[PDB]
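*Asks:* If you scroll down you'll find the structure; I have some questions about it.
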Amino acid sequence: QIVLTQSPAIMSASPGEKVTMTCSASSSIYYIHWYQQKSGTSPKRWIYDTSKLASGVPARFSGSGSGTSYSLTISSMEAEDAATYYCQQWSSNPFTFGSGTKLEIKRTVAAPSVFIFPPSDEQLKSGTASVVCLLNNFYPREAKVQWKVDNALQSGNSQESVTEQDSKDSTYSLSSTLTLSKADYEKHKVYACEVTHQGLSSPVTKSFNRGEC
Amino acid sequence: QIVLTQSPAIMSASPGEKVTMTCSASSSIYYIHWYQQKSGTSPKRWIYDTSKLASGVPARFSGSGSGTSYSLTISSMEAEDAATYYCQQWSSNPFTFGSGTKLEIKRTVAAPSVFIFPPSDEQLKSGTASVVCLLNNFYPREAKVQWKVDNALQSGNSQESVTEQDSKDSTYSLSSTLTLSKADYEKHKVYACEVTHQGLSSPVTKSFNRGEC
Amino acid sequence: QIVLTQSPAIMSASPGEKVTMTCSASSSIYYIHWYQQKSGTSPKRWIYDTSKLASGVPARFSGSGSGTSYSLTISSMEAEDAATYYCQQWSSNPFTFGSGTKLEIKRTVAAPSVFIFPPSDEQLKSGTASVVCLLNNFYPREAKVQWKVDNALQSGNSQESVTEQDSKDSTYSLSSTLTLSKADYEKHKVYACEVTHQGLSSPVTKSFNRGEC
Amino acid sequence: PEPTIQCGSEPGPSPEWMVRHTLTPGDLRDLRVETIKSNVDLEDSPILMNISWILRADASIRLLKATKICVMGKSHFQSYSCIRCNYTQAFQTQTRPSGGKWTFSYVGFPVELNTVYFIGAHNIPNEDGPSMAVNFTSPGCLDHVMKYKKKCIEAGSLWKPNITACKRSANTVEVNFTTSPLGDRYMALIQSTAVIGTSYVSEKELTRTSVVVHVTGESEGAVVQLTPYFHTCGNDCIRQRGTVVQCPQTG
Amino acid sequence: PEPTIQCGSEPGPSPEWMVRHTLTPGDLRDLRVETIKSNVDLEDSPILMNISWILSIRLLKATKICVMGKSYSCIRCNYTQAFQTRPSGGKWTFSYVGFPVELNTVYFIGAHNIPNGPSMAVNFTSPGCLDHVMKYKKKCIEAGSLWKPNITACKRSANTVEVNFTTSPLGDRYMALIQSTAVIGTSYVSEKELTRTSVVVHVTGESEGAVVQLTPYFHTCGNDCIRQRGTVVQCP
Amino acid sequence: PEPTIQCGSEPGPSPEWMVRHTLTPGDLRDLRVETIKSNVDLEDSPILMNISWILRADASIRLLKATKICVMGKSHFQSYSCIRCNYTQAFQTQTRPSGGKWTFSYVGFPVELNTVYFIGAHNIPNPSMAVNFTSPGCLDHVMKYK
Amino acid sequence: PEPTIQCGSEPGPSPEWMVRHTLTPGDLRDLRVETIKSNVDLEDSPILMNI
Amino acid sequence: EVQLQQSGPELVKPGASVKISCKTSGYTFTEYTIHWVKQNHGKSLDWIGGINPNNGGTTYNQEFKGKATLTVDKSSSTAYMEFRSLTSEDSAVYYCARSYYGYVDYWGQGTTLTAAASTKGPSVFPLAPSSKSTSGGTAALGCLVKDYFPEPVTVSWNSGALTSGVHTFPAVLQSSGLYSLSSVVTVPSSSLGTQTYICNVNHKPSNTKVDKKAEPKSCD
Amino acid sequence: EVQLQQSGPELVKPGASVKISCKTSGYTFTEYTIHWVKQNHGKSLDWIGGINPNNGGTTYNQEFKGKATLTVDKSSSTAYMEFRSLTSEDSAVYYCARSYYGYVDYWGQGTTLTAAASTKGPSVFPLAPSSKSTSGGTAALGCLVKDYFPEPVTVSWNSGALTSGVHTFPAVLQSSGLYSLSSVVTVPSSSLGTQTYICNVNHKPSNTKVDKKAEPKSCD
Ligand SMILES: *[C@@H]1O[C@H](CO)[C@@H](O[C@@H]2O[C@H](CO)[C@@H](O[C@@H]3O[C@H](CO[C@H]4O[C@H](CO)[C@@H](O)[C@H](O)[C@@H]4O)[C@@H](O)[C@H](O[C@H]4O[C@H](CO)[C@@H](O)[C@H](O)[C@@H]4O)[C@@H]3O)[C@H](O)[C@H]2NC(C)=O)[C@H](O)[C@H]1NC(C)=O
Ligand SMILES: *[C@@H]1O[C@H](CO)[C@@H](O)[C@H](O)[C@H]1NC(C)=O
Ligand SMILES: *[C@@H]1O[C@H](CO)[C@@H](O)[C@H](O)[C@H]1NC(C)=O
Ligand SMILES: *[C@@H]1O[C@H](CO)[C@@H](O)[C@H](O)[C@H]1NC(C)=O
Ligand SMILES: *[C@@H]1O[C@H](CO)[C@@H](O)[C@H](O)[C@H]1NC(C)=O
Ligand SMILES: *[C@@H]1O[C@H](CO)[C@@H](O)[C@H](O)[C@H]1NC(C)=O
Ligand SMILES: *[C@@H]1O[C@H](CO)[C@@H](O)[C@H](O)[C@H]1NC(C)=O
Ligand SMILES: *[C@@H]1O[C@H](CO)[C@@H](O)[C@H](O)[C@H]1NC(C)=O
Ligand SMILES: *[C@@H]1O[C@H](CO)[C@@H](O)[C@H](O)[C@H]1NC(C)=O
Ligand SMILES: *[C@@H]1O[C@H](CO)[C@@H](O)[C@H](O)[C@H]1NC(C)=O
Ligand SMILES: *[C@@H]1O[C@H](CO)[C@@H](O)[C@H](O)[C@H]1NC(C)=O
Ligand SMILES: *[C@@H]1O[C@H](CO)[C@@H](O)[C@H](O)[C@H]1NC(C)=O
C-alpha cells in the first residue's frame with residue numbers, strides 16, 4: 001500500500017547549481033530506486049538500491065536516505081539533466097512509483113517576439129475564424145495573453161498551448177487561439193493580442209485590421 | 001440504534017491537498033468501517049476495523065478514532081479520490097450506515113458558455129413549448145439562471161439539471177428548461193436566459209426573438 | 001458533574017509499536033486535556049485542547065476526539081514514553097481527571113537473580129526475625145515467591161514490595177519479607193525462598209541453615 | 001445554512017444563572033466576542049459587540065429553538081442586557097452541509113473603553133448554568149481602532165512626543181520631546197524598578213522642548229514616562245513612554 | 001503473564017442457547033477460533049481448534069465453551089486466579107486447544123462466562145482434503161493428500177506417451193490414463209520401489225496436450241483416492 | 001498564472017501577540033529582513049525594510065490566502081504598524097515551478113537610526136515567523152548620508 | 001557483535017507457510033544463501049549452505 | 001475468487017411480487033452472512049437485513065420487516081430477497097453483500113427495481129444548433145426527451161460513432177409525474193452542413209426506440 | 001544484449017479488448033519478473049502488475065484487477081497483457097519491464113493504445129506571414145491544424161528538411177471533442193519572397209496526409 005510523495009513536482013536549475021529532490025514513503029521501505037525520463041522515451045534506471053549509480057550515469061548524481069525519507073542530489077546541474085525523475089519502491093505489494101519531479105533548465109530572462117495571424121480565407125469559407133497570436137522563444141514560462149476586438153476585452157473564446165523547453169536555447173513558445181464565427185469576425189475591424197511578460201517593461205500589443213493585407 | 005453522522009456532507013479539495021472527514025456515532029461502537037462509492041457502481045470496502053486499509057487502497061488513506069468519534073483522512077488528494085464515502089457499523093443491531101461525505105475535485109474557476117434553444121416546431125405542433133438554456137463546462141457548481149420573457153422575470157416555470165463533474169476537466173454543465181403553453185409562447189417575442197456565475201464579472205444574457213433564424 | 005473513564009488502566013507496549021489510550025466522558029465535552037506524570041514528580045501538561053502538543057512534546061504524540069470519546073496516540077513507542085497519562089476536563093464543574101493509563105515499556109524476558117538474607121543478630125535480640133528474599137532485575141513483573149521453613153509452606157506471614165521499572169534496563173526488582181517471632185524462628189533450620197518466573201524453566205530455590213555463616 | 005436567527009428583547013433571566021458558579025468551567029469557549037465599528041465612514045463611530053457562537057454537533061441540536069445571551073458589566077454592576085435569539089426553523093443536520101459548524105452572530109451591546117465584560121449564553125431548552137461563557141476586556145485608547153475615538157483623541161491618544169532621553173551625568177537625564185496643542189503642562193518621570201526622578205514642565209508653544217530630570221538611581225535603560233495635563237482627562241491622560249539611552253550614541 | 005485456566009468436561013444446556021434464529025452483530029469479536037495442526041512433524045496429525053476469547061464486567065471464576073458439529081460437547085474452564095482486568099498491553103486473552111476437527115463440517119461454538133445468540137460465539141465450516149491444514153488429517157493422507165508425484169508426460173511417437181512420476185510409500189498400484197476428447201490410452205502399473213519411475217502408455221489417437229490422469233489404488237482409499245493430473249507435452 | 005501579493009495597511013492586534021514566551025526552533029529561517037536604499041539616484045533616499053518570507057512546501061499552503069506582517073521599533077520609543085498581504089490566486093503547487101520554495105517580499109516600514117526592530121508574521125488562516140535587526144547609526148556607510 | 005547466536009534443530013511451521021500466492025516484493029532481501037565447500041583442498045566434500 | 005452475481009433489472013407492477021437473487025461463488029456459502037442494502041436516488045445506503053445461510057436465521061431493519069423477505073438456497077449457494085407487495089417507494093438499486101465480522105468485504109453488482117403501474121414512451125424533440133447556441137467555433141445541439149415514465153432512457157449519438165463533447169443531463173421529475181431529459185453534444189460549427197447528427201433514444205419500459213435527426217433551423 | 005520488444009500500436013473502439021505482447025531475448029526468461037506499467041501522455045507512471053514467468057504467479061494493482069490479465073509463454077520467451085473494455089481514459093503508452101530485485105533494469109519500447117469511437121482527419125490552414133509588415137528581421141509563419149481525432153498528428157516542414165526554428169505546439173482538446181494545434185517557424189523576412197515553405201501534416205488514425213503551402217498574402 002506504500003505511496004511515495006515526491007517534491008518538488010516541478011523545478012528549474014541553472015547549469016552549475018546544486019539540485020536536490022526528495023521522495024517520501026508513507027511507511028518504511030528497504031530501498032528506493034530512481035528513473036530518468038525525457039519526453040518521448042522509456043524511463044531509464046538512474047540510481048538504484050538508494051545510492052548506486054547505473055553504469056554510465058554521471059557521478060554528479062547521488063542518492064541517499066533511509067526509513068521513509070530519500071533524496072536524489074545533483075552536485076552541479078547540467079543541461080543534459082533536464083528530465084522527469086521518478087522514485088520507486090517494491091518493498092511491499094503493489095510496486096509503486098512516485099508522482100515525479102520535472103527538472104527544467106533556468107536561463108536568463110528573454111522577452112517574447114509577438115506575432116498575430118488573421119484567419120485564412122480557406123477557413124472563412126467554413127464559417128469559423130481562428131485568430132492566432134504567437135509568443136516565440138521567451139523565458140520564464142509565465143506569460144499573460146489578452147485578446148481585444150475593436151478594443152473590447154475577450155474572454156472564454158481563447159485557448160493557449162505552450163511547448164516544452166527548446167533543446168537548443170531553453171526558451172518556451174506559446175500560442176493563443178481566439179475562435180469566432182465568421183459572422184462575428186466580419187463585424188469588427190481591429191484584432192489585437194496584448195502580451196505581458198517579465199522580459200517586457202510594458203505590455204506589447206500586436207494587431208491587424210480585418211482585410212488589410 | 002447507532003446513527004452515524006458524517007461531516008461534511010459535501011466538500012471539494014484540490015488535487016494534492018489534505019482531506020479529513022468525520023463519523024460520529026450516537027453511542028459507542030467497537031469498530032467503524034468505510035466504503036467508497038463512485039456514481040453508478042457498487043460500494044467498495046475502503047477502510048475497515050477503523051484503521052485497516054482494504055486490499056488495494058493507497059496508504060494516503062488513513063482511518064482512526066475510538067468510541068463514538070472516528071475520522072477518515074487523505075494525506076494528499078488525488079483526482080480518483082472523488083467519490084462518496086459512507087461509514088458503517090455492526091456492533092449493534094441494526095447494522096447501520098452513515099449519511100455519506102461526497103468528495104469532489106476543486107479546480108480553478110471556469111465561466112460557463114451559455115447557449116439557448118427555442119422550442120422545436122414539432123413540440124409546438126403538440127401543444128407545449130420548452131425553451132432550453134445550457135451552461136457548459138463551468139466551475140464551481142453554483143450558478144444562477146433567470147428567465148425573462150419580454151423582459152418579465154419568470155419564476156416557478158423552470159427546472160434545472162446538472163451533470164456530474166467531467167472526467168477530464170472536472171467541470172459541470174447545467175440545463176435550465178422553461179416550459180410554457182403553446183398559447184403563451186406564441187404571445188411573446190423575446191426569450192432570454194440570464195446567467196450569474198463566479199467566473200463572469202457581470203451576468204451574461206443569451207436571448208432569441210421568436211421566429212428568427 | 002461529568003466524569004472521565006480511561007482505558008486501559010495499565011498496559012505495556014513493545015518499543016516501536018503504535019500506542020492508543022482512550023478517554024470516555026459521561027456526557028459531551030468541548031475539549032479534553034492530557035497530562036503526563038512520571039513517578040515522584042508533578043503532572044505536566046502534555047496534550048491540551050484535545051490535539052495541541054505542549055512545547056517540547058514529541059511529535060510521535062497526537063490527540064483526537066469529539067463529543068464523549070477521545071484518545072491519545074503514540075505512533076511508535078519509546079522508552080522515555082513510559083509514564084502515567086491522565087485525561088482531564090473542565091467543561092463542567094467539578095473539574096475532573098480520568099483515573100489514568102499507566103504505560104510501561106516491554107523488553108526481553110529476563111530471569112531474576114535470587115538472594116536470601118537471614119535475620120541479623122541485632123534484630124533477633126529484640127524478639128522478631130525478618131527473612132528477606134530478593135528477586136533482582138527481572139522482566140516481566142509477574143513472579144511467584146514461596147517461603148518454606150523446614151519444608152513447611154508459609155502463608156499469611158510475608159509481604160512483597162516491587163520497584164518501578166528501571167529507567168536504564170527496564171527491569172523490576174522485588175523483595176519478599178517473611179516475618180517470624182524469635183520464638184518460632186529458632187525452632188527451625190532450613191529457610192528457603194522458591195521463585196517461579198517466566199524466564200526460569202524450573203523454579204529456583206535459595207536457602208540458608210539457621211546460625212551457619 | 002437553512003435555520004436563521006431573529007433576535008429580540010426578552011429579559012427572562014436572572015443575574016444569578018450567570019453567577020451560578022463563582023468559577024465558570026474554563027472550557028466553555030464556543031462563544032466569542034469581538035468589537036466592531038458601527039460606522040466605517042466615522043472615526044468616533046460607536047463600538048458594538050459582535051457575539052458569535054457555534055452550535056454543538058450532536059443529536060440534541062434537534063431540540064433547540066432559542067439561544068439566550070446576557071452581557072454583564074461586572075463592575076459592581078448587574079446584567080439587565082439579555083437578548084433571546086429564536087431560531088426560525090428546526091435543525092435537520094448536526095452541522096451545516098458545507099460548514100464546520102452551525103454558526104450565528106448577534107451585533108449589539110454598545111461597548112465602553114477599558115471595560116470588563118462577562119458574556120454568558122444558554123440554549124433553550126436545557131444542566132442550568134451558562135452553556136457558553138467568555139470574559140472580555142474592551143480595548144483602551146492604545147488600540148488601533150479605539151484611538152480615534154473622541155474621548156481618546158482628547159486624552160492624547162494621537163500625541164507623538166517623539167521622546168529622546170539621554171543619560172547625561174551619573175545623576176541626571178536630559179529628556180527632549182515635542183509638545184502638543186492639547187496642553188501646556190507636562191510631567192517627565194524616570195522609572196526603573198521604582199520612580200527615580202521627576203520634573204514638571206510648563207511650555208505654551210508647540211515646540212521641541214528639553215528638560216533635565218535629576219535621578220536617584222541607575223537610569224541607563226530605564227523607562228521615561230511623559231504625562232500631559234490636557235483638558236477633559238485631568239490626571240488620567242494617556243502617558244507616553246520611552247527609554248533612557250547613553251549619549252553620545254555614535255563613535 | 002495472567003491468571004491461568006484449568007479446563008475439564010461438563011454437561012451442556014442443550015444446543016438451543018447457541019444456534020438462535022437471529023443474527024448476532026458481527027463486530028462482537030470476543031470469541032475467536034482457528035483450525036490448527038497439533039503435530040509438528042509431516043506425518044498424520046490430529047487437527048484441533050484453537051479457541052480464544054477476550055475478557060466490561062470486572063472479575064469472574066469460569067468461562068464455558070460449547071462446540072456443536074453438524079455432535080455436542082462442552083468444556084468448563086475454571087480460572088485459578090482473578091485480579092480485582096488487563097495487565098499486559100494486550101487485552102485479557104485465553105485460549106483452549108481441543109475439539110478434534112472433522113472434514114467438511116459446520117461448527118457452532120458459543121461461550122458464556124460464569125458467573126454470567134451469546135456475545136461470545138464464532139462459526140466456521142471446515143474444508144476438505146485439499147486444504148493445507150486438513151490435508152494432514154489421517155483419512156486425507158491415506159487417500160494420497162500429501163502425495164507429490166510430479167507428473168511429466170511426454171509424446172514419444174504418434175502412438176506412445178512417456179509418463180514419469182514418483183511413487184508413494186502408501187501403495188504399489190497405479191493406473192495412468194490419457195484423455196483428449198476420449199480416453200486414448202491406459203496403463204496399469206505395479207511399482208514396489210520409492211523412486212521416480214517411467215511408464216509407456218500405448219495411445220490410439222493424437223496425444224499432444226491431452227490430460228494425463230494418475231489414479232493410485234492405495235488399499236485404504238479403494239476407488240476414492242485423490243487423483244493426480246498432468247498434461248502430455250513435447251520432448252526436449 | 002502564479003500568485004503574487006497585494007499588500008495594504010491593517011489595524012492589527014495589540015503588540016502582545018508578538019511576545020514569544022516559548023522559543024521557536026532556531027533553524028526555522030523562513031523570515032528575513034534587510035535594509036535597501038529606496039531611491040538609488042538620491043543621496044538621502046528613505047531607508048526601507050525589505051521583508052522576505054518563505055512559504056513551507058506542505059499541504060497547508062493550498063489553503064493560504066494572506067500573510068500578516070507587523071513591525072515594532074524600539075529605540076528611544078516604540079513604534080508599531082501592520083500590513084496584510086493578500087495572495088492574488090490560490091496556490092497550485094507547494095513550490096514555485098520556476099524556482100524553489102515560495103518566497104515573497106514586501107518593501108516598506110521606513111528605518112530610523114539606532115533602532116532595534118522586531119518583525120513578526122503569520123499566515124491566514126492560522134508569532135510563527137520572527138526576525139529582528141538593530142539598525143546602524145551615523146557611522147554606517149548607508150545611514151551616514153541621512 | 002555483542003549478541004551472538006546459539007542454533008539448534010527446532011519444530012517449524014508446516015511447509016505451506018512458504019507458498020506465497022502473490023509475487024514476493026523484490027526488495028525483501030534480508031535473507032541470502034550461497035554454497036560453501038565443507039572441506040577445501042579436498043575433492044569429494046559435502047557442499048553446505050551458508051544462510 | 002469471490003463473486004456475488006445478482007439478477008437483472010426488473011420492471012414490476014405495484015402490488016405484484018418480485019424476488020431478486022444473489023448467486024455466490026468462490027467461497028464456502030455457509031461461512032458468511034449475506035446482507036441486503038437499498039439505495040434510492042437520495043444516494044443514502046439503507047440496510048434491509050441479513051441472513052445466515054446455515055440455518056436461514058435473519059434480522060431486519062424494522063422499516064423492512066414484513067415488506068422484504070430474505071431466504072437462501074444452500075444447494076445453489078444463492079441468496080434471495082422477495083418483495084411480496086411492491087409499492088412505488090420500493091424503486092431503487094438493491095445490493096447484496098457478504099460480511100465476515102461487522103464489515104462487508106464483497107458486494108454484488110446491484111439490481112435496479114422499478115415499480116410502475118403503467119409506461120409512457122417519450123416524445124423526442126430536436127434542440128437545433130443556431131448562432132445563439134454557437135461559441136468559439138463550437139455549436140451545441142441536442143435532443144429533448146420529454147414526458148416518459150418510468151425511468152430510465154438511454155441516449156446515444158450517431159449509433160456510438162460520434163466523438164464529441166457529450167452532456168446527457170439527469171432526468172428531471174416534472175410536476176405531472178412524468179420525466180424529461182436533455183442530451184446535448186458540442187461539435188464544430190463548421191460541420192453543421194456536411195455532417196449529420198442523429199440521437200438514438202431507447203425507452204425499454206415502453207419498448208420505444210426513436211432516432212431523431214437534429215439539424216439547424218433555416219427560414220422558409 | 002537484453003531486449004524487450006513489444007507489439008505495435010492499436011487503435012480501438014471504446015469497449016473493445018486487446019492483448020499486447022512483450023518478446024524477451026538475451027537472458028533466461030524464467031529467472032526474472034516481468035512488469036507492466038501504464039503512462040498516460042505527459043503524466044505519471046502507474047504499475048499494472050507483474051508476472052513470474054517461472055510459475056505464472058501474478059500480482060496486480062487493484063485499480064487494474066479484472067481489467068488486466070498477465071500471461072507468459074515460456075516456449076517463445078514472451079509476456080502478454082490483456083486489457084478489457086477500453087475507455088478513453090485507457091489511451092496511453094504501456095510498457096513491459098524486467099526486474100530481479102525491486103528495481104527495473106530493462107524496459108520495452110512501449111505500446112500505444114488509443115480508444116476512439118471514430119477518427120477524423122484535420123483541416124490545415126495557413127498562418128500566412130505578415131509580409132504586409134515585412135523586415136524588422138524575422139517573420140513567423142505556420143500551419144493551423146484543426147478538428148482531428150484522436151491524437152496524434154505529426155507535422156514536418158519541407159518534407160523534413162526544415163527543422164530549425166520549428167515549434168509544433170501540444171494539441172488542445174476543443175470543447176467540440178476534437179483536437180487542434182499550430183506548428184510555426186520563424187525565418188528571415190526577406191526569405192518570404194525567395195523560399196518555399198510547406199507544412200506536411202500526417203494523421204495516421206484517419207490515413208489523412210495533408211500538404212499545405214504557406215505563402216505571403218497578396219500585397220500589390
Ligand atoms: C527584496 O529582496 C528580494 C529578494 O529577497 C529582491 O527580489 C529580487 O530582485 C532582483 C532584482 O531586483 C531579482 O534579480 C533578477 O533575477 C531575474 C531572474 O529571476 C529568476 O531567478 C531569481 C534567482 O536569481 C528568482 O528569485 C526569480 O524569482 C526568478 O526565479 C533576472 O532575470 C533579473 O534581471 C531581469 O531584470 C532586469 C530589469 O529588472 C532586466 O534588465 C534583465 O535583462 C532581466 O530581465 C534580475 O537579475 C531577483 O530575482 C529577485 N529575487 C526574488 C527572490 O524575488 C527584491 O528586489 C528586493 N527589493 C528591493 C526593493 O530591492
Ligand atoms: C422568541 O420566542 C419567545 C417565546 O416564544 C417570545 O417571547 C419572543 O417574543 C420571540 N422573539 C422573537 C424575536 O421572535
Ligand atoms: C472567565 O472568568 C471566570 C472568573 O474568573 C473564570 O472562572 C472562567 O473560567 C473564565 N473563562 C474562561 C473561558 O477561562
Ligand atoms: C461577526 O463575526 C463573525 C465571525 O467572524 C463574522 O462571520 C460575521 O460576519 C461578523 N458580523 C458582521 C461582520 O456583521
Ligand atoms: C525625533 O526627533 C529626533 C531628534 O530631533 C529626530 O532625529 C527623529 O527623526 C524624530 N523622530 C520622529 C519619528 O519624529
Ligand atoms: C471447575 O469448578 C467446578 C466447581 O468448583 C468443579 O466442579 C469442576 O470440577 C472444576 N473443573 C476443573 C477442570 O477443575
Ligand atoms: C453463528 O450461527 C448462529 C446460528 O445461525 C448465528 O446466530 C450467528 O450469527 C453465527 N455467528 C456469527 C459470528 O455470525
Ligand atoms: C491461539 O490463537 C491466539 C490468537 O491468535 C494465538 O496468539 C495463540 O498463539 C494460538 N495458540 C496456538 C497454540 O496456536
Ligand atoms: C522420464 O525419465 C526418463 C528416464 O530417466 C528420461 O529419459 C525422460 O527424459 C523423462 N521424461 C520426462 C517427460 O520426465
Ligand atoms: C486583503 O483582504 C482583506 C480581506 O478580504 C481586505 O480587508 C483588504 O483590504 C485586502 N487588502 C489588499 C491590499 O487587497
Ligand atoms: C532457544 O530457545 C528456546 C526457547 O527458550 C529453547 O527451547 C531452545 O532450546 C533454544 N535453543 C538453543 C539452541 O539453545
Ligand atoms: C520463490 O518462489 C516462491 C514460489 O513462487 C515464492 O513464494 C518466493 O517468494 C520466491 N522467492 C524469491 C526470492 O523469488
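Just so you know, the protein sequences line up as chains A, D, C, K, L, J, I, H and E, in that order. Sequential numbering from 1 applies to the first sequence in the deposited numbering. Sequential numbering from 1 applies to the second sequence in the deposited numbering. Sequential numbering from 1 applies to the third sequence in the deposited numbering. Residues 1 to 126, 131 to 255 (the deposited numbering) are what the fourth sequence spells out, left to right. Residues 1 to 55, 60 to 74, 79 to 92, 95 to 126, 133 to 252 (the deposited numbering) are what the fifth sequence spells out, left to right. Residues 1 to 126, 134 to 153 (the deposited numbering) are what the sixth sequence spells out, left to right. Sequential numbering from 1 applies to the seventh sequence in the deposited numbering. Sequential numbering from 1 applies to the eighth sequence in the deposited numbering. Sequential numbering from 1 applies to the ninth sequence in the deposited numbering. Where is the CB? At the ideal position from N, CA and C, for every residue including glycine.
1) Just list the residues that DSSP pairs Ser180/E with in beta bridges.
2) Name the residues in the segment 181 to 194 of chain H whose C-beta lies less than 9 Å from a C-beta of chain E; which are they?
3) Please compile the residues from chain D whose C-beta is within a distance smaller than 7 Å of the C-beta of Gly26/L.
4) Taking 8 Å as the CB-CB limit, is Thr22/I close to chain A?
5) Counting Cβ pairs closer than 8 Å, one from the segment 147 to 165 of chain L and one from the segment 36 to 47 of chain L, do we hit at least three?
6) Verify whether the separation of the beta carbon atoms of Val109/D and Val195/D is less than 8 Å.
7) Helix, strand or coil: how does DSSP classify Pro110/J here?
*Replies:* From the atom records:
1) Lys146/E, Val172/E
2) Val185, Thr186, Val187, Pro188, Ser189, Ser190, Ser191
3) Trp90
4) yes
5) yes
6) no
7) strand
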